[PDB]
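Beneath this line is the structure, given in structure tokens, with notes to follow.
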Ligand SMILES: CO[C@H]1/C=C/O[C@@]2(C)Oc3c(C)c(O)c4c(O)c(c(/C=N/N5CCN(C)CC5)c(O)c4c3C2=O)NC(=O)/C(C)=C\C=C\[C@H](C)[C@H](O)[C@@H](C)[C@@H](O)[C@@H](C)[C@H](OC(C)=O)[C@@H]1C
Ligand SMILES: Nc1ncnc2c1ncn2[C@@H]1O[C@H](COP(=O)(O)OP(=O)(O)NP(=O)(O)O)[C@@H](O)[C@H]1O
Ligand SMILES: [Mg+2]
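Residue numbers (the authors' numbering): 1 to 409, 430 to 867.
Below, the structure written as structure tokens:
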């Protein structure tokens, strides 16, 4: 960390601290044979530190800047003006200028034009991007102009905009410096960007060129327009041709000017087809050198391609680490589970450790690998029809994938259920006791035996037979009563207020806990305005508190394990953060009168005796009439016995998960005491095996954890596709509006009825302030989301499928719901009156 200047040829690996990201990648690119990087050098961060960071006024100014927030806006406008003008007034030490004069003559010389380009780094974050944050000036000639523009580059580190960016991304201003790339200008016929993997599709196999005439500054700042071409294998899939009005050109005596292209020139294809393929190959060599897809800037001059920037890509949805060969197709677990939130590795692993599916992981969520199924004759073709009875877009997405570059070459007893339930209740009772004895590596040793027991109650053949009994029977009823009586999706109304549904009870019991809070206005005022996490220990103060805390405590002992994202072991359970239930307990205090759970439940079973006994009567004057009747009543009794249970096995699974979580946090806090972990919940970023070794060996790799931590962040920003490909193509299916109103948003019908109301688009149940009219539009809706179904008039989600909670819960609440809705939360606007049809599956944006 001594030199002031380095030629691209002199730059060693991992020198970002000295030359910045841009400078480093230019250095790297310049050593690839067949790659022409215009000669140049970096004015090092040394020069920056020497000239500026050693200045007492500068450092004082930056020490001040350290103190302010994005809300200290006018302190930002003025302090940064001071810094900027201070920089442009500070001369560059003659010693630094001397070293530069020498290196500049080597590339050469002060009569030639140079690009002067910012290159930033953040200390100890060598790969941190400052893309589009700081200045570049093109075609600068002469020592005077050079020195002037170096200071200008430096000053551009302290625009209001660059400062705000650093504050929001938690970069310390004192630990960011600017190197300056000084590089021979290319005077090009054409220039542009290259993305080694298509930003649509995201398919890791297509390439993409944006190409314009003239210098690249137009395309990037951000007009002119540009040509777009996609090349899939070595063949060109697509060509696009922009009408390119303007082009930027270098002036002989320095600087730059914009010209208007002749009309007949504006529509010409920037690059020939041969040049496009040549560029693609050029580009494939730099991920191939770099190992991950890349973002590359280029110039075409006199038939020669010049590389002028390269930089890792940052947006694509990762591919599963598959240990299989050949082309693979993955199905998304998120969509069927109604989850789609990124999961942490510890939580990711516990789901994997409990499934007999071939599940893999990509981007913090889970995929199932189902290609070998697809390949065989008549098992594909098993699956596509079968997977189409839960999710049409999946079926659609699979047809679309089997057309590629050869991508492809018993009902149990009535008494069954309560024994199933109590045999789980007890299996958990045992569990709760046996871990409070285990600890350390004994804990881990035990969890694995218990996973076997988890699997045993979860996948009990008798349980499954009881589960399907409900599904199968509403399969039968829906198919057959539409066949005879015609016009019917009947099992929706027949399922209404079904008994023993541990998840429908949950949302409906919160109605009662609010009936307890309602009388006491002391507690209601506290609860109305509180962010205190242990507000439950301040209640005994107020007149209602003691009564209230009891009401709540019992709910949490019944449902406290459950939280949104429950499948992820690492997510805060309700009982760990009771304050998240308050706005729902609050707002259905005000939306309901006394005994609302009774009246909602009753009117449901009333409104399904009527359909039962309407359908049965109405079937009597059909041809074979009282026969057809008795076989349906047979299926209704069956239906309404085993529909509750459909939701129990998840509730048993989770209870274990929360019991495991408590135990694993103990070990993690025990790991803090021993000084081996920094943060007690850092165990969320290790998979369950890695975690075993840590308690076992007393060793961790924090440069690993921190990357898990970092990776997690850049998931969350992702949204899993319905289907994922070995190439990382994403396929969400397309729906079929047969004879549905055009201009409608299409989805899966799931729960019957048409209704009109206010759209409330909510991503957090806690911030959901639902009112009587509202139609809830959200992303997923797992059992966690039930308590919010009691005031709304209809439901809309982005993801899901018939027979997958909480689609199953809408039916029993008698709620119209539509489910497979591409981009509902973005397409629909909060507050827009809206009509949902949950019979035919569509949505109309009412005026
Ligand atoms: C269209 O749905 C199917 C997808 C098929 O395709 C296919 C390739 O894609 C899948 C996706 C996307 C999954 O996410 C998945 C899954 O999460 C899971 C099992 C494991 N399944 N079984 C293996 C055999 N064992 C005897 C029972 C467990 C799976 O196979 C799959 C799965 C597939 O296999 N496991 C679990 O999640 C766990 C840890 C517990 C689940 C418990 C309850 C009990 C389940 O809900 C039961 C009630 C059924 O609901 C499911 C089996 C679905 O079946 C139906 C009719 O809906 C299935 C998601
Ligand atoms: N030597 C060069 N010759 C011709 N055009 C260049 C040269 N260097 C850069 N350009 C163009 O001018 C722009 C300047 O890019 P550069 O400042 O290096 O990064 P940036 O895209 O402006 N922002 P960033 O990448 O985060 O630093 C590029 O987008 C090119 O189109
Ligand atoms: Mg750039």
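For each residue, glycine too, the CB sits at the ideal point set by N, CA and C.
Q | Contact set for residue 790: own chain, Cβ-Cβ below 7 Å, skip 5 residues either direction | A | Working through the chain shown from its first residue, we reach residue 790 at position 770. If the five residues before and after residue 790 are omitted, its C-beta is found closer than 7 Å to the C-beta atoms of 607, 780, 796, 808, 811, 812, all from its own chain and listed in chain order.
Q: Output the distance between the C-alpha atoms of residue 855 and residue 334, rounded to the nearest integer angstrom.
A: For this step, residue 855 is matched to residue 835 along the chain shown. For this step, residue 334 is matched to residue 334 along the chain shown. Each residue's alpha carbon lies about 27 Å from the other.
Q) Is residue 297 near ligand 3, in the sense that its beta carbon is under 7 Å from a heavy atom of that ligand? A) Locating residue 297 in the chain shown gives position 297, where the first residue counts as 1. Checking the Cβ of residue 297 against ligand 3 gives yes.
Q.
I'd like the span of the alpha helix (DSSP H) that includes residue 438, first residue to last.
A. Here the question's residue 438 lines up with position 418 in the chain shown. That run of the alpha helix (DSSP H) goes 436–454.
Q. Should residue 38 be listed as close to ligand 5, given that the test is whether its C-beta is under 7 Å from any heavy atom?
A. As for ligand 5, it is missing from this structure, which binds only ligand 1, ligand 2 and ligand 3.
Q.
When you measure from the CB of residue 695 to every non-hydrogen atom of ligand 2, does any distance come out below 7 Å?
A. Position 675 of the chain shown, counted from the first residue, corresponds to residue 695. No, the beta carbon of residue 695 sits no closer than 7 Å to any heavy atom of ligand 2.
Q.
Please list the terminal residues of the continuous alpha helix (DSSP H) segment that includes residue 153.
A. Taking the chain shown and counting its residues from 1, one reaches residue 153 at position 153. First-last of the alpha helix (DSSP H) with residue 153: 143–155.
Q: State the Cα-Cα distance for the pair residue 163 and residue 157, rounded to the nearest angstrom.
A: The count along the chain shown starts at 1 and reaches residue 163 at position 163. The count along the chain shown starts at 1 and reaches residue 157 at position 157. Between the alpha carbons of residue 163 and residue 157 lies a gap of roughly 8 Å.
**Q.** Neighbourhood of residue 542 by C-beta distance below 6 Å, restricted to the same chain and skipping five residues each side
**A.** Here residue 542 is taken as the residue at index 522 of the chain shown, counted from 1. Exclusion of the five residues before and after residue 542 leaves 562, 563, 564 as the residues of its chain whose Cβ lies within less than 6 Å of its Cβ.
Q | Beta-carbon contacts of residue 487 that lie in its chain and below 8 Å, excluding the five residues immediately before and after | A | Numbered from its first residue, the chain shown carries residue 487 at position 467. Cβ within range, chain order: 662, 665, 666, 669.
Q. Which whole runs of the alpha helix (DSSP H) in the segment 191–237 are 4 residues long or more, in chain order?
A. Counting only runs of 4+ residues, the alpha helix (DSSP H) found wholly inside the segment 191–237 occupies 217–220, in chain order.
(Q) Our contact map puts residue 303 next to residue 179 with C-beta atoms below 8 Å; I'd like the distance itself, whole angstroms only. (A) What you label residue 303 is simply residue 303 of the chain shown in a count that begins at 1. What you label residue 179 is simply residue 179 of the chain shown in a count that begins at 1. About 32 Å separates the two Cβ atoms, so there is no contact after all.
**Q.** Assigned exposure category for residue 344 - 16 Cβ within 10 Å defines buried
**A.** By one-based count along the chain shown, residue 344 stands at place 344. A residue is called buried once 16 or more other Cβ atoms fall within 10 Å of its Cβ, and residue 344 is buried on that count.
Q. When you compare only the Cα positions, how much space is there between residue 761 and residue 730?
A. Mapped onto the chain shown, residue 761 falls at position 741. Mapped onto the chain shown, residue 730 falls at position 710. Distance between the alpha carbons of residue 761 and residue 730 is about 45 Å.
Q: Answer with buried or exposed for residue 100, where buried requires no fewer than 16 other C-beta atoms within 10 angstroms of its C-beta.
A: Your numbering for residue 100 matches position 100 in the chain shown. Residue 100 counts as buried, since at least 16 other C-beta atoms from the protein chains shown sit within 10 angstroms of its C-beta.
Q) CB of residue 309 to nearest heavy atom of ligand 2: below 7 Å? A) Mapped onto the chain shown, residue 309 falls at position 309. Indeed, a heavy atom of ligand 2 lies less than 7 Å from the Cβ.
Q. Are there 16 or more other CB atoms within 10 angstroms of the CB of residue 454, so buried, or fewer, so exposed?
A. Translated into positions along the chain shown, residue 454 becomes position 434. Here residue 454 is exposed: its Cβ has fewer than 16 other Cβ atoms, across all protein chains shown, within 10 Å.
Q: Determine the direct distance from the alpha carbon of residue 309 to that of residue 298, and round the result to whole angstroms.
A: Along the chain shown, one-based indexing puts residue 298 at 298. Along the chain shown, one-based indexing puts residue 309 at 309. A straight-line Cα-Cα distance of about 7 Å links residue 298 and residue 309.
**Q.** Same chain, Cβ closer than 7 Å to residue 407, five either side skipped, listed in chain order
**A.** For this step, residue 407 is matched to residue 407 along the chain shown. The answer, listed in chain order, is 327, 401.
Q: Spatial neighbours of residue 478 within its chain, please: CB distance less than 8 Å, with the 5 preceding and 5 following residues excluded, ordered by chain position.
A: Taking the chain shown and counting its residues from 1, the one referred to as residue 478 is at position 458. Non-local beta-carbon contacts of residue 478 in its own chain, meaning distances under 8 Å to residues more than five positions away in sequence, involve 354, 669, 672, 673 in chain order.
Q. Counting along the chain, where does the beta strand (DSSP E) carrying residue 42 start and finish?
A. Stepping through the chain shown from its first residue, residue 42 is reached at position 42. Per DSSP, the continuous beta strand (DSSP E) segment holding residue 42 begins and ends at 40–43.
Q) Leaving out five residues before and five after residue 32 in sequence, what residues of the same chain have Cβ atoms less than 6 Å from its Cβ? A) Locating residue 32 in the chain shown gives position 32, counting from the first residue. The residues are 289.
Q. Near residue 77, which residues of its chain fall below 7 Å by C-beta distance, leaving aside the five closest residues on each side in sequence?
A. Taking the first residue of the chain shown as 1, we reach residue 77 at position 77. Counting only Cβ-Cβ distances below 7 Å, and skipping sequence neighbours, we find 160.
Q. So which of 173, 2, 34, 15 has the shortest CA-CA distance to residue 69?
A. For the purposes of this step, residue 69 is identified with residue 69 of the chain shown, where counting begins at 1. When 173, 2, 34, 15 are compared, the shortest CA-CA separation from residue 69 is found for 173.
Q: For residue 295, write down the residues that DSSP places opposite it in a beta bridge.
A: If you number the chain shown from 1, residue 295 lands on position 295. Residue 295 is bridged to 195, 311.
**Q.** Same chain only: Cβ atoms within 6 Å of residue 46, ignoring 5 sequence neighbours per side
**A.** On the chain shown, position 46 is the one that residue 46 refers to. Scanning its chain for C-beta atoms nearer than 6 Å, with the 5 sequence neighbours on each side dropped, one finds around residue 46 the residues 4, in chain order.
Q | Distance cut-off 7 Å: residue 357 Cβ against heavy atoms of ligand 1 | A | Here residue 357 refers to the residue found at position 357 when the chain shown is read from its first residue. In this structure, the C-beta of residue 357 approaches ligand 1 to less than 7 Å from one of its heavy atoms.
Q. Rounded to the nearest angstrom, how far is the Cβ of residue 766 from that of residue 778, given a contact under 8 Å?
A. Here residue 766 refers to the residue found at position 746 of the chain shown. Here residue 778 refers to the residue found at position 758 of the chain shown. At roughly 21 Å, the Cβ-Cβ gap does not stay under 8 Å, so residue 766 and residue 778 are not in contact.
Q) Taking residue 175 as the reference, which of 680, 857, 133, 62 has the closest Cα? A) For this step, residue 175 is matched to residue 175 along the chain shown. Among 680, 857, 133, 62, the Cα nearest to that of residue 175 belongs to 62.
Q. Within 7 Å: the Cβ of residue 340 and any heavy atom of ligand 1?
A. Along the chain shown, read from residue 1 onward, the residue named residue 340 stands at position 340. Because no heavy atom of ligand 1 lies under 7 Å away, the Cβ of residue 340 does not count as near it: no.
Q) Relative to ligand 2, is the shortest distance from any of its heavy atoms to the C-beta of residue 162 smaller than 7 Å? A) Counted from its first residue, the chain shown places residue 162 at position 162. Checking the 7 Å criterion, the Cβ of residue 162 is out of range of every heavy atom belonging to ligand 2.
Q.
According to DSSP, is residue 301 part of a helix, a strand, or is it coil?
A. Residue numbering aside, residue 301 sits at position 301 when the chain shown is read from its first letter. Residue state, collapsed to three classes: strand.
Q | Cβ neighbours of residue 393 in the same chain (closer than 8 Å, five flanking residues each side left out) | A | Here residue 393 refers to the residue found at position 393 when the chain shown is read from its first residue. Cβ neighbours of residue 393 beyond the five flanking positions: 742, 752, 753, 754, 755, 840.
Q.
Tell me which residue opens and which closes the alpha helix (DSSP H) that residue 139 is part of.
A. For the purposes of this step, residue 139 is taken as the residue at position 139 of the chain shown. In the DSSP assignment, residue 139 falls outside any alpha helix (DSSP H) and within the unbroken beta strand (DSSP E) covering 136–140.
Q. Can you give the Cα-Cα distance for residue 432 and residue 438, rounded to whole angstroms?
A. Here residue 432 is taken as the residue at index 412 of the chain shown, counted from 1. Here residue 438 is taken as the residue at index 418 of the chain shown, counted from 1. Cα-Cα distance, rounded: 12 Å.
Q.
The beta strand (DSSP E) that contains residue 7, what's its start and end?
A. Taking the chain shown and counting its residues from 1, one reaches residue 7 at position 7. According to the DSSP assignment, residue 7 belongs to the beta strand (DSSP E) that extends over 5–7.
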